[PDB]
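Given as structure tokens, the chain that follows is alone and in the form solved without its partner chain.
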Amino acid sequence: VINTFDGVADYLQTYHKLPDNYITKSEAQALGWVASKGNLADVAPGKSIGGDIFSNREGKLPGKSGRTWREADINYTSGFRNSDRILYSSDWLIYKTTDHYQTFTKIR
């Protein structure tokens, strides 16, 4: 599975989509994921949460007209979700956060 910062980042700028081991929160819930039980690995073996829109409410990521942000979980294997996320834009800027969206740094 591809779920590292560098692996997913180089996958996106290239194929312009997430690798196939990713599903959105919606898909996950429908399959039986209950966040409070940390059961993702049991109901969707080998998948990670990713692809949902990221608001960028706190305006910490650079905006521009027509630019939308999306997020994906990084380094996930099982249990409860961790605090690592990749943030990617419609024009393919890539940022990372390891502190639950508090701070961000550019990686592509």
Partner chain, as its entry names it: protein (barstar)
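Positions refer to the first chain, counted from 1.
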item	value
Of 48-56 and 74-82, the one with larger mean CA B-factor	48-56
Per the entry, higher mean C-alpha B factor between 12-20 and 84-92	12-20
B-factor third for the C-alpha atom of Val34 within its chain	lowest
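Another form exists, deposited with its partner chain bound; not displayed. Remarks below refer to it.
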| item | value |
| --- | --- |
| Heavy atom of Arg81 within 4.5 Å of its partner chain in the deposited complex | yes |
| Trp33, heavy atom within 4.5 angstroms of its partner chain in the deposited complex | yes |
| Its partner chain contact at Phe54 in the deposited complex, heavy atom, 4.5 Å | yes |
| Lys60 within 4.5 Å of its partner chain in the deposited complex, heavy atoms | yes |
